[PDB]
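target_26.cif (mmCIF, N, CA and C atoms) appears below.
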```
data_coords
loop_
_atom_site.label_atom_id
_atom_site.label_comp_id
_atom_site.auth_asym_id
_atom_site.auth_seq_id
_atom_site.Cartn_x
_atom_site.Cartn_y
_atom_site.Cartn_z
N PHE L 1 141.30 24.09 162.56
CA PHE L 1 140.98 25.40 163.14
C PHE L 1 139.90 26.12 162.34
N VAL L 2 139.47 25.53 161.23
CA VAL L 2 138.51 26.21 160.36
C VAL L 2 137.06 25.83 160.68
N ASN L 3 136.86 24.83 161.52
CA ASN L 3 135.51 24.36 161.78
C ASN L 3 134.86 25.09 162.96
N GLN L 4 134.62 26.38 162.76
CA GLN L 4 134.03 27.21 163.80
C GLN L 4 133.41 28.42 163.13
N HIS L 5 132.81 29.30 163.92
CA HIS L 5 132.28 30.55 163.39
C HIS L 5 133.46 31.46 163.16
N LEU L 6 133.62 31.91 161.92
CA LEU L 6 134.71 32.81 161.55
C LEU L 6 134.11 34.08 160.98
N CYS L 7 134.28 35.20 161.68
CA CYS L 7 133.69 36.46 161.23
C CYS L 7 134.73 37.57 161.11
N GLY L 8 134.48 38.51 160.20
CA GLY L 8 135.29 39.70 160.07
C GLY L 8 136.74 39.38 159.80
N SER L 9 137.65 39.98 160.57
CA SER L 9 139.07 39.82 160.27
C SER L 9 139.50 38.38 160.55
N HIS L 10 138.77 37.67 161.40
CA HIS L 10 139.10 36.26 161.69
C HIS L 10 138.91 35.39 160.44
N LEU L 11 137.87 35.70 159.67
CA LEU L 11 137.56 34.95 158.45
C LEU L 11 138.59 35.22 157.38
N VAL L 12 138.97 36.48 157.26
CA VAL L 12 139.96 36.89 156.30
C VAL L 12 141.32 36.23 156.61
N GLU L 13 141.64 36.15 157.89
CA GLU L 13 142.87 35.50 158.33
C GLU L 13 142.87 34.00 158.00
N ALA L 14 141.73 33.35 158.18
CA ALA L 14 141.64 31.93 157.84
C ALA L 14 141.83 31.72 156.34
N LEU L 15 141.22 32.57 155.52
CA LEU L 15 141.42 32.48 154.06
C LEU L 15 142.88 32.64 153.70
N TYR L 16 143.53 33.60 154.36
CA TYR L 16 144.94 33.86 154.12
C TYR L 16 145.77 32.62 154.43
N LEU L 17 145.46 31.98 155.55
CA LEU L 17 146.26 30.84 156.00
C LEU L 17 145.99 29.60 155.15
N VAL L 18 144.74 29.39 154.81
CA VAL L 18 144.35 28.19 154.06
C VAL L 18 144.77 28.29 152.59
N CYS L 19 144.56 29.45 151.96
CA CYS L 19 144.76 29.58 150.52
C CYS L 19 146.23 29.82 150.15
N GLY L 20 147.00 30.38 151.08
CA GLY L 20 148.43 30.54 150.88
C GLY L 20 148.77 31.30 149.62
N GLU L 21 149.70 30.78 148.83
CA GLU L 21 150.20 31.53 147.68
C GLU L 21 149.19 31.59 146.53
N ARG L 22 148.10 30.83 146.62
CA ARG L 22 147.02 30.94 145.65
C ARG L 22 146.30 32.28 145.77
N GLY L 23 146.28 32.84 146.97
CA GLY L 23 145.43 33.99 147.25
C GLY L 23 143.95 33.61 147.26
N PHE L 24 143.09 34.60 147.42
CA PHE L 24 141.67 34.34 147.60
C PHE L 24 140.83 35.55 147.22
N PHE L 25 139.53 35.37 147.16
CA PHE L 25 138.68 36.54 147.12
C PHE L 25 137.70 36.54 148.29
N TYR L 26 137.44 37.74 148.80
CA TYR L 26 136.58 37.92 149.94
C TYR L 26 135.43 38.80 149.51
N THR L 27 134.23 38.24 149.46
CA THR L 27 133.04 38.98 149.02
C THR L 27 131.91 38.80 150.02
N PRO L 28 131.84 39.68 151.03
CA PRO L 28 130.87 39.56 152.12
C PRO L 28 129.43 39.86 151.72
N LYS L 29 129.23 40.77 150.77
CA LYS L 29 127.88 41.10 150.32
C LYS L 29 127.34 40.02 149.38
N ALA L 30 128.00 39.84 148.24
CA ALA L 30 127.60 38.84 147.26
C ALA L 30 127.90 37.42 147.74
N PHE X 1 147.48 55.24 157.14
CA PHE X 1 148.17 54.04 157.62
C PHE X 1 148.56 53.12 156.47
N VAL X 2 148.15 53.47 155.26
CA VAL X 2 148.40 52.59 154.12
C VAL X 2 149.70 52.92 153.38
N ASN X 3 150.32 54.04 153.72
CA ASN X 3 151.50 54.46 152.98
C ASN X 3 152.79 53.92 153.60
N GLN X 4 152.94 52.61 153.53
CA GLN X 4 154.10 51.94 154.10
C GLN X 4 154.24 50.59 153.43
N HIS X 5 155.26 49.83 153.81
CA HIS X 5 155.42 48.47 153.30
C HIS X 5 154.42 47.62 154.03
N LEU X 6 153.55 46.96 153.28
CA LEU X 6 152.53 46.07 153.84
C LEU X 6 152.71 44.69 153.26
N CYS X 7 153.10 43.72 154.09
CA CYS X 7 153.36 42.37 153.62
C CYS X 7 152.55 41.32 154.38
N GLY X 8 152.23 40.23 153.70
CA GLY X 8 151.59 39.09 154.33
C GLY X 8 150.28 39.45 154.98
N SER X 9 150.09 39.06 156.24
CA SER X 9 148.79 39.25 156.87
C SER X 9 148.54 40.74 157.08
N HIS X 10 149.60 41.55 157.15
CA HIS X 10 149.42 43.00 157.32
C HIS X 10 148.74 43.62 156.09
N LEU X 11 149.08 43.11 154.91
CA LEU X 11 148.51 43.60 153.65
C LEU X 11 147.05 43.21 153.54
N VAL X 12 146.77 41.97 153.92
CA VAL X 12 145.42 41.46 153.89
C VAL X 12 144.52 42.25 154.85
N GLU X 13 145.06 42.58 156.01
CA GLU X 13 144.34 43.38 156.99
C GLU X 13 144.04 44.79 156.47
N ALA X 14 144.99 45.39 155.77
CA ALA X 14 144.77 46.71 155.20
C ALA X 14 143.66 46.67 154.15
N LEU X 15 143.68 45.64 153.29
CA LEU X 15 142.60 45.48 152.29
C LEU X 15 141.26 45.34 152.97
N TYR X 16 141.22 44.57 154.05
CA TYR X 16 139.99 44.36 154.80
C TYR X 16 139.46 45.69 155.33
N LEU X 17 140.36 46.50 155.87
CA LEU X 17 139.95 47.75 156.50
C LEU X 17 139.55 48.79 155.47
N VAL X 18 140.29 48.86 154.38
CA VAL X 18 140.05 49.87 153.36
C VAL X 18 138.81 49.53 152.52
N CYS X 19 138.65 48.27 152.12
CA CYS X 19 137.60 47.89 151.18
C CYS X 19 136.24 47.69 151.87
N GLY X 20 136.26 47.36 153.15
CA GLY X 20 135.04 47.26 153.93
C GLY X 20 134.03 46.30 153.32
N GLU X 21 132.78 46.73 153.21
CA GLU X 21 131.72 45.82 152.78
C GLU X 21 131.79 45.49 151.29
N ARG X 22 132.65 46.18 150.55
CA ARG X 22 132.89 45.82 149.15
C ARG X 22 133.61 44.48 149.03
N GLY X 23 134.41 44.15 150.04
CA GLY X 23 135.32 43.02 149.91
C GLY X 23 136.45 43.30 148.94
N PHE X 24 137.28 42.30 148.70
CA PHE X 24 138.48 42.50 147.89
C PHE X 24 138.97 41.18 147.30
N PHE X 25 139.94 41.26 146.41
CA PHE X 25 140.65 40.05 146.05
C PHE X 25 142.14 40.20 146.33
N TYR X 26 142.74 39.11 146.77
CA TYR X 26 144.14 39.08 147.13
C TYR X 26 144.82 38.06 146.24
N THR X 27 145.68 38.53 145.35
CA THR X 27 146.37 37.65 144.41
C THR X 27 147.87 37.93 144.42
N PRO X 28 148.61 37.25 145.31
CA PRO X 28 150.04 37.49 145.51
C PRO X 28 150.93 37.03 144.35
N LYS X 29 150.54 35.96 143.67
CA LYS X 29 151.33 35.47 142.55
C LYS X 29 151.09 36.32 141.30
N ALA X 30 149.86 36.33 140.82
CA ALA X 30 149.50 37.11 139.64
C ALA X 30 149.47 38.61 139.94
N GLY E 1 152.04 43.08 140.45
CA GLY E 1 150.98 42.59 141.32
C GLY E 1 151.04 43.32 142.65
N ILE E 2 150.09 43.03 143.53
CA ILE E 2 149.97 43.80 144.76
C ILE E 2 151.18 43.66 145.69
N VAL E 3 151.84 42.50 145.69
CA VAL E 3 153.00 42.31 146.55
C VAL E 3 154.18 43.19 146.12
N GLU E 4 154.42 43.24 144.82
CA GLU E 4 155.47 44.10 144.28
C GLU E 4 155.20 45.58 144.58
N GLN E 5 153.93 45.99 144.52
CA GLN E 5 153.55 47.39 144.69
C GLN E 5 153.34 47.81 146.15
N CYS E 6 153.05 46.87 147.05
CA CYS E 6 152.67 47.27 148.40
C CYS E 6 153.53 46.64 149.49
N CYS E 7 154.23 45.57 149.14
CA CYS E 7 155.10 44.88 150.10
C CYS E 7 156.57 45.20 149.82
N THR E 8 156.99 44.96 148.58
CA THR E 8 158.37 45.18 148.16
C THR E 8 158.65 46.68 148.04
N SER E 9 157.62 47.45 147.70
CA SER E 9 157.74 48.90 147.67
C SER E 9 156.60 49.50 148.48
N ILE E 10 156.58 50.81 148.62
CA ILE E 10 155.63 51.43 149.54
C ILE E 10 154.24 51.46 148.93
N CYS E 11 153.26 51.01 149.71
CA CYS E 11 151.88 50.94 149.24
C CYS E 11 151.23 52.34 149.10
N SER E 12 150.05 52.39 148.51
CA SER E 12 149.28 53.63 148.45
C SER E 12 147.79 53.30 148.47
N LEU E 13 146.96 54.27 148.82
CA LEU E 13 145.52 54.04 148.85
C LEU E 13 145.00 53.76 147.45
N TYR E 14 145.53 54.48 146.45
CA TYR E 14 145.14 54.26 145.05
C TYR E 14 145.28 52.79 144.69
N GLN E 15 146.45 52.22 144.99
CA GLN E 15 146.74 50.83 144.68
C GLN E 15 145.83 49.85 145.41
N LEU E 16 145.64 50.06 146.71
CA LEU E 16 144.79 49.16 147.48
C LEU E 16 143.36 49.17 146.96
N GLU E 17 142.82 50.34 146.65
CA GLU E 17 141.44 50.37 146.18
C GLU E 17 141.28 49.70 144.82
N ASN E 18 142.36 49.55 144.06
CA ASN E 18 142.27 48.81 142.81
C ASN E 18 141.91 47.34 143.04
N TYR E 19 142.08 46.87 144.26
CA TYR E 19 141.79 45.47 144.58
C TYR E 19 140.49 45.28 145.37
N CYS E 20 139.75 46.36 145.61
CA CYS E 20 138.42 46.23 146.20
C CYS E 20 137.45 45.75 145.13
N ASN E 21 136.42 45.02 145.53
CA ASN E 21 135.38 44.59 144.57
C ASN E 21 134.40 45.71 144.24
N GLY Z 1 126.51 33.30 150.55
CA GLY Z 1 127.85 33.86 150.46
C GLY Z 1 128.68 33.39 151.63
N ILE Z 2 129.96 33.77 151.66
CA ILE Z 2 130.86 33.23 152.66
C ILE Z 2 130.50 33.62 154.09
N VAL Z 3 129.91 34.80 154.29
CA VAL Z 3 129.54 35.22 155.64
C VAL Z 3 128.41 34.35 156.21
N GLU Z 4 127.40 34.08 155.38
CA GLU Z 4 126.31 33.20 155.79
C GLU Z 4 126.81 31.79 156.12
N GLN Z 5 127.77 31.30 155.35
CA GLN Z 5 128.28 29.93 155.49
C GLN Z 5 129.37 29.77 156.55
N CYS Z 6 130.10 30.83 156.88
CA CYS Z 6 131.27 30.66 157.74
C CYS Z 6 131.24 31.53 158.99
N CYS Z 7 130.42 32.57 158.96
CA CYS Z 7 130.29 33.47 160.11
C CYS Z 7 128.99 33.21 160.88
N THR Z 8 127.88 33.24 160.16
CA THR Z 8 126.56 33.04 160.74
C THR Z 8 126.36 31.56 161.10
N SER Z 9 126.99 30.68 160.33
CA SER Z 9 126.98 29.26 160.65
C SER Z 9 128.41 28.75 160.66
N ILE Z 10 128.60 27.48 160.99
CA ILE Z 10 129.96 26.98 161.21
C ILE Z 10 130.66 26.75 159.88
N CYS Z 11 131.88 27.27 159.77
CA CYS Z 11 132.65 27.16 158.54
C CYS Z 11 133.15 25.72 158.28
N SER Z 12 133.71 25.49 157.10
CA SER Z 12 134.35 24.21 156.80
C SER Z 12 135.50 24.45 155.82
N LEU Z 13 136.43 23.50 155.75
CA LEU Z 13 137.55 23.64 154.82
C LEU Z 13 137.06 23.62 153.38
N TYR Z 14 136.07 22.77 153.09
CA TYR Z 14 135.48 22.71 151.74
C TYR Z 14 135.04 24.10 151.29
N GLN Z 15 134.29 24.78 152.15
CA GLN Z 15 133.78 26.11 151.85
C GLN Z 15 134.88 27.15 151.66
N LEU Z 16 135.85 27.16 152.56
CA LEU Z 16 136.94 28.13 152.44
C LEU Z 16 137.72 27.94 151.16
N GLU Z 17 138.02 26.70 150.80
CA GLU Z 17 138.81 26.49 149.59
C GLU Z 17 138.04 26.90 148.33
N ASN Z 18 136.71 26.97 148.40
CA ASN Z 18 135.95 27.47 147.26
C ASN Z 18 136.27 28.93 146.94
N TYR Z 19 136.88 29.62 147.90
CA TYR Z 19 137.21 31.03 147.70
C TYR Z 19 138.71 31.28 147.45
N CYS Z 20 139.50 30.22 147.36
CA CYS Z 20 140.90 30.36 146.95
C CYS Z 20 140.95 30.58 145.45
N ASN Z 21 141.95 31.30 144.97
CA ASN Z 21 142.13 31.48 143.52
C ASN Z 21 142.76 30.26 142.86
#
```

What does this structure look like when you write it as structure tokens?
Amino acid sequence: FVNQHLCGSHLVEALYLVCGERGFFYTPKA
Amino acid sequence: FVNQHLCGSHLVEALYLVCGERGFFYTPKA
Amino acid sequence: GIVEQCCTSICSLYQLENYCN
Amino acid sequence: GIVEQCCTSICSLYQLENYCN
């Protein structure tokens, strides 16, 4: 489900699902 | 809308909305 | 951590902004 | 950055996992 255009809250949701208990960082500018 | 129990994807969504173009980090374990 | 402060107990704007970049 | 790689162009699992802690 990750091989598509993922923008905004959709991208954040994919990070949440993929990274799980590791957590993640989201940096749209840098 | 942030003054409540925010868990899982709800918490991630609040970070997304509040932090905006700054982005954020989500670290549930640490 | 953020789960203890915002999930297990009631969140706040102060706390959330601590996790913005 | 992640927006250029996953929003403006097609994302991949390799790229997403680069942003896991």

request  = With a distance threshold of 6.5 Å and counting all atoms listed in the file, extract the residues of chain X near chain L and express them as a VMD selection string.
outcome  = chain X and resid 21 to 29

As an mmCIF file with N, CA and C atoms, in the coordinates of the input, please: chain X after a least-squares superposition onto chain L using all C-alpha atoms matched in order.
```
data_model
loop_
_atom_site.group_PDB
_atom_site.id
_atom_site.type_symbol
_atom_site.label_atom_id
_atom_site.label_comp_id
_atom_site.auth_asym_id
_atom_site.auth_seq_id
_atom_site.Cartn_x
_atom_site.Cartn_y
_atom_site.Cartn_z
ATOM 1 N N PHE X 1 141.291 24.092 162.557
ATOM 2 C CA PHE X 1 140.977 25.401 163.136
ATOM 3 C C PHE X 1 139.895 26.120 162.341
ATOM 4 N N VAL X 2 139.479 25.531 161.230
ATOM 5 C CA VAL X 2 138.514 26.204 160.362
ATOM 6 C C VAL X 2 137.062 25.830 160.675
ATOM 7 N N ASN X 3 136.865 24.832 161.524
ATOM 8 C CA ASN X 3 135.512 24.362 161.778
ATOM 9 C C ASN X 3 134.863 25.088 162.957
ATOM 10 N N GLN X 4 134.618 26.370 162.761
ATOM 11 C CA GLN X 4 134.030 27.206 163.798
ATOM 12 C C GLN X 4 133.414 28.418 163.132
ATOM 13 N N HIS X 5 132.811 29.299 163.921
ATOM 14 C CA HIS X 5 132.279 30.551 163.388
ATOM 15 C C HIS X 5 133.458 31.453 163.162
ATOM 16 N N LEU X 6 133.622 31.909 161.928
ATOM 17 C CA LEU X 6 134.708 32.818 161.553
ATOM 18 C C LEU X 6 134.116 34.078 160.976
ATOM 19 N N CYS X 7 134.270 35.206 161.674
ATOM 20 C CA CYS X 7 133.686 36.462 161.235
ATOM 21 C C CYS X 7 134.724 37.578 161.114
ATOM 22 N N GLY X 8 134.476 38.504 160.200
ATOM 23 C CA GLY X 8 135.294 39.695 160.071
ATOM 24 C C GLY X 8 136.743 39.375 159.809
ATOM 25 N N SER X 9 137.654 39.974 160.575
ATOM 26 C CA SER X 9 139.071 39.818 160.273
ATOM 27 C C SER X 9 139.493 38.378 160.546
ATOM 28 N N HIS X 10 138.765 37.664 161.410
ATOM 29 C CA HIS X 10 139.105 36.261 161.689
ATOM 30 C C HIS X 10 138.904 35.385 160.443
ATOM 31 N N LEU X 11 137.868 35.694 159.668
ATOM 32 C CA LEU X 11 137.553 34.948 158.445
ATOM 33 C C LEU X 11 138.594 35.216 157.376
ATOM 34 N N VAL X 12 138.969 36.484 157.264
ATOM 35 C CA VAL X 12 139.967 36.892 156.304
ATOM 36 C C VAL X 12 141.318 36.233 156.612
ATOM 37 N N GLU X 13 141.646 36.154 157.890
ATOM 38 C CA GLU X 13 142.871 35.500 158.327
ATOM 39 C C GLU X 13 142.869 34.003 158.001
ATOM 40 N N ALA X 14 141.732 33.348 158.173
ATOM 41 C CA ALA X 14 141.631 31.936 157.843
ATOM 42 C C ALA X 14 141.834 31.713 156.344
ATOM 43 N N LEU X 15 141.213 32.569 155.518
ATOM 44 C CA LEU X 15 141.416 32.475 154.054
ATOM 45 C C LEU X 15 142.874 32.649 153.706
ATOM 46 N N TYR X 16 143.532 33.598 154.360
ATOM 47 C CA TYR X 16 144.943 33.861 154.121
ATOM 48 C C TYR X 16 145.773 32.617 154.432
ATOM 49 N N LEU X 17 145.464 31.979 155.552
ATOM 50 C CA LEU X 17 146.258 30.840 156.000
ATOM 51 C C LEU X 17 145.991 29.607 155.157
ATOM 52 N N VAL X 18 144.738 29.388 154.806
ATOM 53 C CA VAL X 18 144.351 28.196 154.065
ATOM 54 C C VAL X 18 144.767 28.298 152.590
ATOM 55 N N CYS X 19 144.560 29.451 151.958
ATOM 56 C CA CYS X 19 144.763 29.586 150.519
ATOM 57 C C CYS X 19 146.238 29.819 150.155
ATOM 58 N N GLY X 20 147.003 30.377 151.078
ATOM 59 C CA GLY X 20 148.433 30.538 150.888
ATOM 60 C C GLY X 20 148.774 31.304 149.619
ATOM 61 N N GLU X 21 149.704 30.781 148.831
ATOM 62 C CA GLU X 21 150.200 31.528 147.676
ATOM 63 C C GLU X 21 149.191 31.586 146.530
ATOM 64 N N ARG X 22 148.104 30.830 146.632
ATOM 65 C CA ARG X 22 147.018 30.945 145.655
ATOM 66 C C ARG X 22 146.297 32.285 145.772
ATOM 67 N N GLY X 23 146.286 32.843 146.979
ATOM 68 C CA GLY X 23 145.425 33.987 147.245
ATOM 69 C C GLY X 23 143.957 33.610 147.268
ATOM 70 N N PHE X 24 143.098 34.601 147.424
ATOM 71 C CA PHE X 24 141.671 34.335 147.597
ATOM 72 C C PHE X 24 140.835 35.555 147.217
ATOM 73 N N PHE X 25 139.530 35.378 147.164
ATOM 74 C CA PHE X 25 138.674 36.546 147.116
ATOM 75 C C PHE X 25 137.701 36.545 148.289
ATOM 76 N N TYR X 26 137.440 37.734 148.800
ATOM 77 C CA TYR X 26 136.576 37.919 149.944
ATOM 78 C C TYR X 26 135.424 38.802 149.510
ATOM 79 N N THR X 27 134.229 38.235 149.459
ATOM 80 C CA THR X 27 133.048 38.973 149.018
ATOM 81 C C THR X 27 131.906 38.796 150.016
ATOM 82 N N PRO X 28 131.844 39.673 151.031
ATOM 83 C CA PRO X 28 130.874 39.566 152.121
ATOM 84 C C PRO X 28 129.426 39.864 151.715
ATOM 85 N N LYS X 29 129.235 40.766 150.761
ATOM 86 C CA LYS X 29 127.888 41.095 150.317
ATOM 87 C C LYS X 29 127.347 40.018 149.373
ATOM 88 N N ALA X 30 128.003 39.842 148.241
ATOM 89 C CA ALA X 30 127.594 38.839 147.262
ATOM 90 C C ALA X 30 127.902 37.420 147.743
#
```

Would you mind aligning chain Z to chain E, a least-squares fit over all C-alpha atoms taken in order, and returning the superposed chain as a PDB file with N, CA and C atoms, in the frame of the given file?
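So part.pdb came out as:
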```pdb
ATOM      1  N   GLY Z   1     152.040  43.070 140.449  1.00  0.00           N
ATOM      2  CA  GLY Z   1     150.979  42.590 141.321  1.00  0.00           C
ATOM      3  C   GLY Z   1     151.037  43.318 142.643  1.00  0.00           C
ATOM      4  N   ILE Z   2     150.086  43.033 143.536  1.00  0.00           N
ATOM      5  CA  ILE Z   2     149.978  43.803 144.760  1.00  0.00           C
ATOM      6  C   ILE Z   2     151.178  43.656 145.690  1.00  0.00           C
ATOM      7  N   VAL Z   3     151.838  42.496 145.686  1.00  0.00           N
ATOM      8  CA  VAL Z   3     152.998  42.305 146.554  1.00  0.00           C
ATOM      9  C   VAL Z   3     154.177  43.189 146.121  1.00  0.00           C
ATOM     10  N   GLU Z   4     154.424  43.238 144.810  1.00  0.00           N
ATOM     11  CA  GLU Z   4     155.471  44.105 144.278  1.00  0.00           C
ATOM     12  C   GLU Z   4     155.199  45.581 144.586  1.00  0.00           C
ATOM     13  N   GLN Z   5     153.939  45.984 144.514  1.00  0.00           N
ATOM     14  CA  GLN Z   5     153.542  47.387 144.691  1.00  0.00           C
ATOM     15  C   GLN Z   5     153.349  47.807 146.149  1.00  0.00           C
ATOM     16  N   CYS Z   6     153.057  46.874 147.048  1.00  0.00           N
ATOM     17  CA  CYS Z   6     152.675  47.272 148.402  1.00  0.00           C
ATOM     18  C   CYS Z   6     153.538  46.643 149.489  1.00  0.00           C
ATOM     19  N   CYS Z   7     154.223  45.564 149.141  1.00  0.00           N
ATOM     20  CA  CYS Z   7     155.102  44.881 150.095  1.00  0.00           C
ATOM     21  C   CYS Z   7     156.578  45.192 149.818  1.00  0.00           C
ATOM     22  N   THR Z   8     156.991  44.960 148.582  1.00  0.00           N
ATOM     23  CA  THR Z   8     158.367  45.176 148.159  1.00  0.00           C
ATOM     24  C   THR Z   8     158.652  46.681 148.038  1.00  0.00           C
ATOM     25  N   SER Z   9     157.624  47.445 147.689  1.00  0.00           N
ATOM     26  CA  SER Z   9     157.741  48.896 147.668  1.00  0.00           C
ATOM     27  C   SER Z   9     156.603  49.491 148.478  1.00  0.00           C
ATOM     28  N   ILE Z  10     156.580  50.809 148.617  1.00  0.00           N
ATOM     29  CA  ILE Z  10     155.629  51.428 149.545  1.00  0.00           C
ATOM     30  C   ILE Z  10     154.237  51.458 148.933  1.00  0.00           C
ATOM     31  N   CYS Z  11     153.254  51.007 149.708  1.00  0.00           N
ATOM     32  CA  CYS Z  11     151.879  50.941 149.238  1.00  0.00           C
ATOM     33  C   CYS Z  11     151.234  52.339 149.093  1.00  0.00           C
ATOM     34  N   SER Z  12     150.045  52.387 148.507  1.00  0.00           N
ATOM     35  CA  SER Z  12     149.278  53.630 148.448  1.00  0.00           C
ATOM     36  C   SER Z  12     147.786  53.292 148.469  1.00  0.00           C
ATOM     37  N   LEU Z  13     146.958  54.271 148.826  1.00  0.00           N
ATOM     38  CA  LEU Z  13     145.515  54.038 148.848  1.00  0.00           C
ATOM     39  C   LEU Z  13     144.992  53.765 147.446  1.00  0.00           C
ATOM     40  N   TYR Z  14     145.525  54.482 146.451  1.00  0.00           N
ATOM     41  CA  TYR Z  14     145.134  54.258 145.047  1.00  0.00           C
ATOM     42  C   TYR Z  14     145.284  52.784 144.683  1.00  0.00           C
ATOM     43  N   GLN Z  15     146.449  52.224 144.989  1.00  0.00           N
ATOM     44  CA  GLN Z  15     146.743  50.831 144.683  1.00  0.00           C
ATOM     45  C   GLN Z  15     145.836  49.848 145.417  1.00  0.00           C
ATOM     46  N   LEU Z  16     145.647  50.064 146.708  1.00  0.00           N
ATOM     47  CA  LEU Z  16     144.788  49.161 147.476  1.00  0.00           C
ATOM     48  C   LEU Z  16     143.368  49.166 146.960  1.00  0.00           C
ATOM     49  N   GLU Z  17     142.829  50.336 146.650  1.00  0.00           N
ATOM     50  CA  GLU Z  17     141.444  50.374 146.189  1.00  0.00           C
ATOM     51  C   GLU Z  17     141.280  49.694 144.826  1.00  0.00           C
ATOM     52  N   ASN Z  18     142.361  49.551 144.058  1.00  0.00           N
ATOM     53  CA  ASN Z  18     142.270  48.805 142.809  1.00  0.00           C
ATOM     54  C   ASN Z  18     141.915  47.335 143.032  1.00  0.00           C
ATOM     55  N   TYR Z  19     142.087  46.871 144.267  1.00  0.00           N
ATOM     56  CA  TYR Z  19     141.796  45.473 144.578  1.00  0.00           C
ATOM     57  C   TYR Z  19     140.490  45.279 145.373  1.00  0.00           C
ATOM     58  N   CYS Z  20     139.752  46.354 145.607  1.00  0.00           N
ATOM     59  CA  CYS Z  20     138.417  46.233 146.198  1.00  0.00           C
ATOM     60  C   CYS Z  20     137.452  45.748 145.132  1.00  0.00           C
ATOM     61  N   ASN Z  21     136.421  45.020 145.525  1.00  0.00           N
ATOM     62  CA  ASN Z  21     135.385  44.592 144.571  1.00  0.00           C
ATOM     63  C   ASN Z  21     134.403  45.710 144.244  1.00  0.00           C
TER      64      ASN Z  21
END
```

message = I'd like the interatomic distance between atom N of residue 3 (chain E) and CA of residue 3 (chain Z), to a tenth of an Å.
response = 25.5 Å

request  = One decimal, Å: what's the distance from atom N of residue 14 (chain Z) over to CA of residue 2 (chain Z), could you say?
outcome  =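 If I compute the distance from atom N of residue 14 (chain Z) to CA of residue 2 (chain Z), I get 11.7 Å.
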
task = Carefully work through the PyMOL selection byres ((chain Z) within 5 of (chain L)) for this structure and note down the residues it includes, as a PyMOL selection string.
result = chain Z and resi 1+6-7+10-12+19-21

Atom-to-atom span, atom N of residue 18 (chain E) and CA of residue 4 (chain E), Å =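 Atom N of residue 18 (chain E) sits 14.2 Å away from CA of residue 4 (chain E).
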
Once you add 6 Å to each side, what are the centre and edge lengths of the axis-aligned box holding all listed atoms of region 2-17 of chain X? One decimal in Å, as AutoDock Vina command-line options, if you can.
```
--center_x 147.4 --center_y 46.8 --center_z 154.8 --size_x 28.0 --size_y 27.4 --size_z 17.0
```

inquiry  = For the alpha helix (DSSP H) assignment from backbone DSSP, which residues of chain E qualify? Please present them as a PyMOL selection string.
reply    = chain E and resi 2-6+13-17
